[PDB]
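In structure tokens, one chain follows: the form deposited in one PDB entry.
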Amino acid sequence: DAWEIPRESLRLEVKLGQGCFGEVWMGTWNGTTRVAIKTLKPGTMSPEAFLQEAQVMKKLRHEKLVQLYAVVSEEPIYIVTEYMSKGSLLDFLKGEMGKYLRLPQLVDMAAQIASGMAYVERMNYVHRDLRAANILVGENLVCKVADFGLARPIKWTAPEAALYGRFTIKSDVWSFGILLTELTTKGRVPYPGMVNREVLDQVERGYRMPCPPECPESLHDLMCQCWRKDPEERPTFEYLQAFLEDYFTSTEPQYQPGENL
């Protein structure tokens, strides 16, 4: 009941779009705090079933994870989170900001995402849908991991997860490696020109995406570590975070900006 707020304290202002979570609004809470607001169509979830799914958002707290702010847990149910001003990392990379981002910006964003996932890792959770569409961007290039597990992606999914349902933090590490290609191509679809069926067996036959143009080989090698066949050999998010945080001193101290990266 601590998270419950009055219905009149939310003002729904702008629809954000119909993605994997239906309609989500930008709005204001208590007239003072900009927030993201989501309501559920009455019927699709009982009030008891929702509060059992609201447990995840009420216990997990990290500066790189989209923060739950409040809840209206009786139908029609409302969920309130912090608001991320720039939308999804996917839209961010494809839009007008894309042309200005270079490797220093893209690596820092990746380090932030790795930091959120390192928190998920430390908590022994799994975020089975890590990809640029599920990262939200705010001011000052702040990136936060969103979790649409309540909403209930072959090209982003580790082979053992897509084929055998072996979803672990290690398959999340595989997805992060795909996410690094979205960052370095400024949001292009991975495995360009390959259909899902084509991606499945090609990857099982050992294929991996090549080094994106102007992406340093050292960053591509990091992607390849994320895409090792045996999940146990993939690096931890703790490792990924440190490698990305330290990247331009320890790993590319001679980096020079190019035309796109």
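Sequential numbering from 1, following the sequence displayed. We call the rigid core the largest set of C-alpha positions that still match within 1.5 Å between the two forms.
Quick note: we don't show the form deposited in another entry, though the next part is all about it.
### Message
Which residue of 67, 202, 46, 196 is the mover here, meaning its C-alpha shifts by 2 Å or more between this form and the one not shown once both are aligned on the rigid core?
### Response
One residue passes the 2 Å cut-off, namely 46.
*Spell out whether the Cα of residue 21 moves at least 2 Å between this form and the one not shown when the two forms are superposed on their rigid core.*
Yes.
Query - Inter-Cα distance between residue 241 and residue 20 in that other deposited form, nearer or further [3 Å or more] - result: Farther apart in that other deposited form, by 3 Å or more.
| query | What happens to the Cα distance from residue 188 to residue 20 in that other deposited form: does it get closer or farther than here, with a change of 3 angstroms or more? | reply | Compared with the shown chain, residue 188-residue 20 is farther in that other deposited form.
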